[PDB]
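Form deposited in one PDB entry, single chain, as structure tokens, below.
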């Protein structure tokens, strides 16, 4: 059984060990934090993307057409699936940070507001990681799901098995990463985050040839309702923060003409749990 807290952003300082409780204690699995950003700010940013006065965000839009017409588009490169050098990732990350700061117009600033939230929920400093040669990681990416598009089932801790994670693994604790995201725009129907009770299990995955054959068996448990699940659909400006590192999750197919737009990434403890890093 998955357990998600629901509070308004005004209350976050009353939960100073929430991130510790999700990752280490595992007394619960996620939170909906209502109104981290005002509705007007979300609309403003959405309009920037739609009109094109987006601080150069459209210059780093990846349509992902090579992976079919059934997948999310993404502004900025997400680190998952990148080459170990991260050269393209770092280039797009710098642009993403610029454009994001421009669009939010400090009302409130995206990075400041998100860092404020994570700080309140942990009592710890919060930082965007720096690359081997001083490059900035991106704090977030924006995912765009048009009508009929979805995000296939996956689990966050698989990132640790990817070459792209080489550098981050020198900075992060061994524990679970969390996912965080905030809708900019929400669809008419569908586009729900579905989290399953099925957990990350590298011992079972290692007893297969490739990940496609293992994921087929994971898919069979999901399609047969063997695993318990909960669906979430946070509103614009609400943050959804959960143990995506541990639990398999997906975003259901978008229904209607109105696209689902979400800004977010991941977070995890530093080696000594004296700091939180966040990135996408």
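Positions refer to the first chain, counted from 1. Here the rigid core means the biggest group of C-alpha atoms that line up within 1.5 Å when the two forms are laid on top of each other.
Although not depicted, the form deposited in another entry is the subject of the following passage.
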Core-aligned, is the CA shift for residue 170 between the shown form and the other one 2 angstroms or more? no
After a core superposition, would you say residue 229 shifts its C-alpha by at least 2 Å between the shown form and the other one? no
Determine, after fitting the two forms on their core, whether residue 83 shows a C-alpha shift of 2 Å or more between the shown form and the other one. no
